[PDB]
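Notes follow once the structure below has been shown.
2 protein chains.
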Amino acid sequence: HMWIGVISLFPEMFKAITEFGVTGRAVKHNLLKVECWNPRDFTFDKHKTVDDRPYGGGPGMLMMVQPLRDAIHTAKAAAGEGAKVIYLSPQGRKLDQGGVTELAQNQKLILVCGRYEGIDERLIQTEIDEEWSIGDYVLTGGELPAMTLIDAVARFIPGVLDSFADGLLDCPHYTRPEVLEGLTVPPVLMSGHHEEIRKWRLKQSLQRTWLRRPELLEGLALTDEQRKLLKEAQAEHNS
Amino acid sequence: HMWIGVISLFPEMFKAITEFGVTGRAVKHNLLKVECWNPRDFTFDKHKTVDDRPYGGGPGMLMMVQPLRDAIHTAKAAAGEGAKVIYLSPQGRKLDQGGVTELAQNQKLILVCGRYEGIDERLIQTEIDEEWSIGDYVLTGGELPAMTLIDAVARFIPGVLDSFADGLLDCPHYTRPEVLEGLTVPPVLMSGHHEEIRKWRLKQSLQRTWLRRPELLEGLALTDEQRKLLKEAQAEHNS
Ligand SMILES: C[S@@+](CC[C@H](N)C(=O)[O-])C[C@H]1O[C@@H](n2cnc3c(N)ncnc32)[C@H](O)[C@@H]1O
Ligand SMILES: C[S@@+](CC[C@H](N)C(=O)[O-])C[C@H]1O[C@@H](n2cnc3c(N)ncnc32)[C@H](O)[C@@H]1O
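Read top to bottom, the protein sequences are chains A and A'. A prime marks a further copy of an entry chain.
Take the first sequence: its letters are residues 0 to 160, 169 to 246, numbered as in the authors' numbering.
Take the second sequence: its letters are residues 0 to 160, 169 to 246, numbered as in the authors' numbering.
Structure (structure tokens):
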């Protein structure tokens, strides 16, 4: 069971994870609960203003402090004690599978989604526990990053359901038909030999990591078998 | 003008970008067009089967080849000549702002969204031009990655509308009120001095990059002004 509070100007976006696929089933079955608060609903002016001008000028707008702060405090009260508050931002800790495993240890999170140029620095200081980025690129809002985080952590919730699992890229996979545009399925996978198949998959994962993302292998303490299969793949490449 | 074809089992997820915010306005105004095809609609069996068992066993399922291949070919025909076909996968090129700028050079892309354990390796060989990842973590499907890519590239389309822009994290931003939980807005930003403000923002970007993501600075050819402001920030830190 995991509870995620979300602060967003566009809560309907979250239907993309709550209504579809494995995450949607997690939500319908109560394995994951996602509750949203919208800063617009905390405004008091006639036109429900949710942006504000940055001090110092420059182009762009910021989220208005009062509606956003009020929304955050409502979510914190709903979460009760022990909920970590995360702000999605490219200035935050870059998400990776280790970071996903750490976040999945939380039974409650509140995810704050910015729009426009972002949010006031002092709200980060006073209301946010951690800032997290989904990658070194800039999106229009924090909603896709928050949904990405939700989706990645939800995979760890028992009952909801490997690249980076053991630190390696996944092996190639094949299904019917046996021959596709003259390309055949590797016969080892048709052999029925479980141990040969296991080794092939592991060797492929090693080879693909080495060729595509060699920096990922630096970080790893390979097993003796992995060292051997990696050496075999590298010799085949040099042949 | 940019055209994006999407192949997905859950095309309704894309409402999250087509109906909301800056990307939603881009779609309504015809700056961005997003067209979806669903492999389910290309099935012929009574129960519209879209998954299939992997050769070699192991847990999990793959996308079924025939419906997915047929959907891809329909999208390719709709795109006409010159559309790059991308498969979203953690085995692909990790997206970053340089990669976003390169993808934004395409007037047409087709984005293939996998589910389950993925897709047959031979379809990658025969139908996919490039594989791209949004980060080193595993999600339940390619839809959030495809939407992330769409959102990031859409920011480059003229008329739709900085971290990583010049390679640096953004500076902190402040809006009303002047004092928030006893934290005051930096007086330079209230000074009205454009050149002082510009320098402060740049120095803050340098400082924040250095402290949070020092590896990003390695990659940069700093200007003389940036070298100076970075040195000032580092001396203030050592004081
Ligand atoms: C246009 S961005 C704000 C851009 C601002 N100039 C900056 O670089 O931080 C709008 C919202 O999307 C969130 N956002 C953009 N890219 C993100 C990313 N890669 N990871 C997490 N959140 C992101 C931001 O933190 C911000 O609240
Ligand atoms: C459960 S993942 C497939 C996992 C498979 N064992 C692997 O590691 O490649 C399901 C779909 O989501 C896409 N996906 C998962 N994480 C992604 C990421 N970080 N970037 C892009 N696509 C991703 C996949 O390529 C796949 O088609």
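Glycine is no exception: its CB is placed at the ideal position from the N, C-alpha and C atoms.
Can you tell which of the options has its C-alpha closest to the C-alpha of residue i?
i                   : options                                        : result
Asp-128 of chain A  : A:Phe-171, A:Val-186, A:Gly-226, A:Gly-91      : A:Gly-91
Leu-160 of chain A  : A:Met-12, A:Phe-13, A:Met-62, A:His-28         : A:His-28
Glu-243 of chain A' : A':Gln-214, A':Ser-132, A':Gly-226             : A':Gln-214
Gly-56 of chain A'  : A:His-201, A:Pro-221, A:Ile-156                : A:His-201
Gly-174 of chain A  : A:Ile-109, A:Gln-233, A:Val-137                : A:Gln-233
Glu-11 of chain A'  : A:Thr-17, A:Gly-141, A:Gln-124, A:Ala-76       : A:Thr-17
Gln-65 of chain A'  : A':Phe-43, A':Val-84, A':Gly-81                : A':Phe-43
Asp-169 of chain A  : A':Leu-67, A':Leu-187, A':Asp-135, A':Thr-100  : A':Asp-135
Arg-219 of chain A  : A':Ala-172, A':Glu-130, A':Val-186, A':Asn-245 : A':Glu-130
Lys-32 of chain A   : A:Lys-107, A:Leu-67, A:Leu-94, A:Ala-103       : A:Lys-107
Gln-104 of chain A  : A:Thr-182, A:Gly-141, A:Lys-93, A:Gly-81       : A:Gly-81
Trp-2 of chain A    : A:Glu-34, A:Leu-102, A:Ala-228, A:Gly-141      : A:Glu-34
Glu-188 of chain A' : A:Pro-193, A:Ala-153, A:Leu-122                : A:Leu-122
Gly-23 of chain A'  : A':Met-146, A':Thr-216, A':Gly-117             : A':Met-146
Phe-9 of chain A'   : A:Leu-196, A:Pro-89, A:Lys-14                  : A:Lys-14
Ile-109 of chain A' : A':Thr-216, A':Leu-224, A':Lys-75              : A':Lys-75
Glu-101 of chain A' : A':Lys-206, A':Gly-141, A':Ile-149             : A':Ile-149
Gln-124 of chain A  : A':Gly-79, A':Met-197, A':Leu-190, A':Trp-217  : A':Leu-190
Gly-79 of chain A   : A:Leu-209, A:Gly-4, A:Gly-226, A:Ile-85        : A:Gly-4
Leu-30 of chain A   : A:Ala-153, A:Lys-83, A:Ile-85                  : A:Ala-153
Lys-235 of chain A' : A':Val-137, A':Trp-207, A':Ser-246             : A':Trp-207
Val-99 of chain A   : A':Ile-71, A':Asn-245, A':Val-137, A':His-72   : A':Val-137
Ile-85 of chain A'  : A':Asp-231, A':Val-111, A':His-0, A':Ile-71    : A':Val-111
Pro-89 of chain A   : A:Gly-141, A:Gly-226, A:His-72                 : A:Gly-141
DSSP on residue i, reduced to helix/strand/coil?
i                   : result
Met-146 of chain A' : helix
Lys-27 of chain A   : helix
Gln-124 of chain A  : helix
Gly-4 of chain A'   : strand
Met-60 of chain A   : coil
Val-195 of chain A  : helix
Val-111 of chain A' : strand
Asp-95 of chain A   : coil
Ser-132 of chain A' : strand
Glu-34 of chain A'  : strand
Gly-140 of chain A' : strand
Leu-213 of chain A  : helix
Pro-221 of chain A' : helix
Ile-204 of chain A  : helix
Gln-65 of chain A   : helix
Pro-89 of chain A'  : strand
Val-21 of chain A   : helix
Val-186 of chain A  : strand
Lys-75 of chain A   : helix
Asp-40 of chain A   : helix
In angstroms, rounded to a whole number, what distance separates the CA positions of residue i and residue j?
i                   : j                   : result
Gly-59 of chain A   : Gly-97 of chain A'  : 23 Å
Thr-139 of chain A  : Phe-19 of chain A   : 23 Å
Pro-184 of chain A' : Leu-87 of chain A'  : 43 Å
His-46 of chain A'  : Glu-126 of chain A' : 26 Å
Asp-119 of chain A  : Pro-179 of chain A  : 45 Å
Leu-143 of chain A' : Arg-52 of chain A'  : 24 Å
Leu-67 of chain A   : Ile-6 of chain A    : 8 Å
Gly-113 of chain A' : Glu-222 of chain A  : 26 Å
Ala-151 of chain A  : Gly-199 of chain A' : 44 Å
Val-21 of chain A'  : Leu-94 of chain A   : 24 Å
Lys-238 of chain A  : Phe-171 of chain A  : 20 Å
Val-186 of chain A  : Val-26 of chain A'  : 40 Å
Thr-182 of chain A' : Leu-209 of chain A' : 18 Å
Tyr-54 of chain A   : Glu-116 of chain A  : 12 Å
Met-197 of chain A  : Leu-229 of chain A  : 28 Å
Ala-70 of chain A   : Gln-241 of chain A' : 37 Å
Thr-216 of chain A  : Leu-227 of chain A  : 11 Å
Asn-245 of chain A' : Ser-246 of chain A  : 54 Å
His-0 of chain A'   : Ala-77 of chain A'  : 16 Å
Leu-224 of chain A' : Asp-50 of chain A'  : 45 Å
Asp-231 of chain A' : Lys-83 of chain A'  : 40 Å
Please report the Cβ distance between residue i and residue j, rounded to the nearest whole angstrom; I am assuming they are in contact, meaning their Cβ atoms lie under 8 Å.
i                   : j                   : result
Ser-212 of chain A  : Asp-177 of chain A  : 6 Å
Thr-48 of chain A   : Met-63 of chain A   : 6 Å
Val-195 of chain A' : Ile-204 of chain A' : 6 Å
Would you call the stretch 38-52 of chain A in contact with the stretch 149-157 of chain A', where contact means no fewer than 3 C-beta pairs closer than 8 Å? Not touching, per the Cβ criterion.
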